[PDB]
Amino acid sequence: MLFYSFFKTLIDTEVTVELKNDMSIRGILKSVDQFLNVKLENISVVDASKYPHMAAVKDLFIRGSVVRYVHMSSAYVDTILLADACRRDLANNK
Amino acid sequence: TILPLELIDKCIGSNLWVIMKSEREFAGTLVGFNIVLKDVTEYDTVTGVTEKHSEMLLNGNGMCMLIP
Amino acid sequence: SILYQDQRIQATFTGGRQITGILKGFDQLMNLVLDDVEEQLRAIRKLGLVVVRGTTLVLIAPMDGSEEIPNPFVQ
Amino acid sequence: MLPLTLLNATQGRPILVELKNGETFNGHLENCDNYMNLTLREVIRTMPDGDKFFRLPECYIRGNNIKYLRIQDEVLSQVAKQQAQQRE
Amino acid sequence: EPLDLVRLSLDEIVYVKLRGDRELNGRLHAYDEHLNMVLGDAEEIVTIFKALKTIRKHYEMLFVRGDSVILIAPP
Amino acid sequence: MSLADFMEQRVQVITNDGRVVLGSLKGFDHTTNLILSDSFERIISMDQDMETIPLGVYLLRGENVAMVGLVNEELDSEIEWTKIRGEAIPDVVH
Amino acid sequence: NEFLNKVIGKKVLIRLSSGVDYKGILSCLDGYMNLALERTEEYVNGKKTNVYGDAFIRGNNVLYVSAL
RNA sequence: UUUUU
């Protein structure tokens with residue numbers, strides 16, 4: 001539940017999801033679930049001239065198994081609290 | 001009829017040939033069960049490169065067929 | 001199990017390998033024990049009696065009545 | 001509508017199945033399970049390049065290899081109606 | 001117990017080798033049992049094919065999904 | 001799922017083999033299997049004009065789903081998809 | 001799985017399905033075949049390409065571990 | 001046997 005809880009905290013902030021098909025999609029995180037399925041709103045595909053297929057899509061669901069990275073600005077991430085949460089996560093499941 | 005796990009169990013101590021879904025093979029004498037094989041020769045069936053190993057734990061996820 | 005004993009069937013595996021053989025036994029993991037199995041290469045080679053791992057099957061069909069046909073559909 | 005309710009409701013009717021290897025199968029779906037494993041009857045199997053064709057009296061397809069299924073519109077219509085009958 | 005190795009790298013710099021000829025160097029701030037990770041101040045190296053070129057990118061903060069990860073080591 | 005937000009609406013699926021199929025989302029489940037009705041595929045190319053293939057009712061296995069986008073009808077109405085060229089979407093490689 | 005005791009603490013070969021090999025002293029193994037090695041050397045096309053001082057290898061990539 | 005490959 002550690003990274004699902006974290007992603008819940010990045011909701012309403014801007015992320016870029018790079019997929020295992022090498023597309024990267026930028027948008028406002030609106031939802032994330034236990035599988036790390038993710039919903040982005042107001043997406044813009046990074047290399048839109050390569051890929052006009054999504055020229056009419058504003059709200060977008062990305063399946064969790066196809067994410068390579070989700071990368072985001074450090075401004076909305078507290079890395080000590082994240083690290084503490086992690087230490088407490090691996091203590092709990094131990 | 002025939003029972004698969006009983007068949008490999010028949011093979012403990014015997015020579016077993018295991019062929020993966022990729023075009024790779026191993027042939028050696030079976031030690032136990034992911035499988036542990038003894039004195040196995042691994043065959044790359046495309047490049048033809050063959051190499052032998054004295055004993056190895058071979059991951060089971062990629063094995064296709066077992067042949068006594 | 002949604003599923004021939006001692007009748008000949010063909011089976012195809014993930015990764016592309018495709019074999020034929022007469023079904024002589026099975027269990028519920030869909031392990032198969034098939035003999036006089038021969039895999040058709042991508043020409044054939046014959047593997048003798050093989051136990052097939054149920055997790056790798058994609059397709060099992062009976063051989064009796066499977067045939068190559070010309071285009072049966074509309075142009 | 002759950003995808004498995006539609007698949008279960010298409011038992012006994014025609015179905016087109018395309019597998020990851022690109023082959024497609026046209027036949028009557030007689031049965032399926034909750035893994036999406038299928039057994040079909042009276043099938044035409046078409047190889048990936050549309051090159052070669054086989055007729056199969058019946059066939060079993062393990063669900064983990066399916067890319068997609070095509071189902072008649074009336075099956076979906078029948079199920080929508082049935083779910084709309086079950087509410088009252 | 002294998003994971004204890006990466007447990008010792010929390011808040012330290014790691015090298016991550018990924019499927020697809022990609023490599024990351026960053027500060028490990030979190031991970032789980034799949035090796036999902038969040039790396040801070042990360043550099044990505046992509047090798048493009050003897051290699052034809054490599055492309056380096058920097059990420060202020062970067063989550064990496066565990067199923068692409070091949071190995072994790074000190075830098 | 002976040003997919004409950006797309007129910008009964010025009011949806012655009014990008015599959016793991018790079019295909020684009022549009023349709024009304026009639027249902028989904030926790031592995032992301034989908035029912036689309038009145039669906040069709042779009043084949044965008046660089047060499048040739050966009051192709052549209054009718055597909056009818058389409059059940060998609062979740063293992064093969066990369067993205068599900070909500071199609072904005074006004075924005076999509078604004079686009080002349082016939083004269084659109086673009087690169088092939090890559091396959092997802094796991 | 002008495003292979004483990006026989007092998008833990010000695011040099012091992014991990015061949016990944018990708019074909020890259022890693023040799024080093026084996027610290028640890030687990031049920032999914034995740035590995036910890038103590039001074040890993042990496043080999044591509046058979047040539048040494050990198051050496052890592054300790055390595056965690058995710059088991060899904062390991063095709064086999066062979067003894068030294 | 002579909003989301004930790």
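Proteins get letters first, then strands, A, B, ... in listed order; numbering begins at 1 in each.
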Nearest to side-chain heavy atoms of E63(F), which nucleotide of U3(H), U4(H), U1(H): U3(H)
Atom-to-atom span, NZ of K21(B) to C1' of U1(H) - whole angstrom: 12 Å
Given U1(H), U5(H), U3(H), which nucleotide is nearest the side-chain atoms of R63(A)? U3(H)
Is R62(D) near enough to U2(H) that one of its side-chain N or O atoms lies under 4.0 angstrom from OP1 or OP2? no
Just verifying a value: how many Å separate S65(A) OG and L19(A) CG, rounded to the nearest 0.5 Å? 10.0 Å
Closest to the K20(A) side chain, choosing from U1(H), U3(H), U5(H): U5(H)
Classify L36(A) by what it touches in the nucleic acid, base, sugar-phosphate, or nothing, heavy-atom distance under 4.0 Å. base
With heavy atoms under 4.0 Å as the rule, sort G63(D) into base, sugar-phosphate or nothing. nothing
Are the side chain of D30(G) and the backbone of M33(G) linked by a donor-acceptor contact shorter than 3.5 Å? yes
Interatomic distance, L32(C) CG vs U1(H) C1' [rounded to whole Å]: 15 Å
Starting from P on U2(H), measure out to CG on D33(D) and report it in whole angstrom. 12 Å
Nearest to the side chain of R19(E), which nucleotide is it out of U3(H), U5(H), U1(H)? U5(H)
Is there a donor N/O on one and an acceptor N/O on the other, under 3.5 Å, for the side chain of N60(G) and the base of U5(H)? no
Scan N64(F) against the nucleic acid and name what it touches under 4.0 Å (heavy atoms): base, sugar-phosphate only, or nothing. nothing
Could you tell me how far apart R58(G) (CZ) and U4(H) (P) are, to the nearest whole angstrom? 9 Å
Taking only the side-chain heavy atoms of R61(F) (C-beta and beyond), determine which of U2(H), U3(H), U4(H) contains the nearest atom. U2(H)
Main-chain N/O of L55(F) paired to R70(D) side chain as donor or acceptor, under 3.5 Å: yes
Which nucleotide in the set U4(H), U2(H), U3(H) lies at the smallest distance from any side-chain heavy atom of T32(F)? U3(H)
Ranking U1(H), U3(H), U4(H) by distance to the side chain of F35(A), first place goes to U3(H)
Please state whether the rings of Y51(A) and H53(A) are parallel, tilted or perpendicular, taking 30° and 60° as the class boundaries. tilted
If you assign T55(C) and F63(E) each to the RNA chain H nucleotide with the nearest heavy atom, which residue ends up on the more 5' nucleotide? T55(C)
Tell me what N61(B) touches on the nucleic acid: a base, only sugar-phosphate, or nothing, going by heavy atoms under 4.0 Å. nothing
Ring geometry between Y59(E) and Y69(A) (parallel below 30°, tilted from 30 to 60°, perpendicular above 60°): tilted
So, does the side chain of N64(D) form a donor-acceptor pair with the base of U2(H) at under 3.5 Å? no
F7(A) atom CZ is separated from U3(H) atom P, nearest whole Å, by 18 Å
Rounding to an integer number of Å, can you tell me how far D67(E) CG sits from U2(H) P? 14 Å
When rounded to whole Å, the CG to P distance for the pair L34(F) and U2(H) reads 17 Å
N33(F) side chain: which of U1(H), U4(H), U2(H) is closest? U2(H)
Is there a stack between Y35(D) and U1(H), judged by ring centres under 5.5 Å and planes under 30°? no
Grab the CG-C1' distance between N34(G) and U4(H) for me, whole Å please. 11 Å
Side-chain donor/acceptor of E42(B) to backbone N/O of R24(B), under 3.5 Å: no
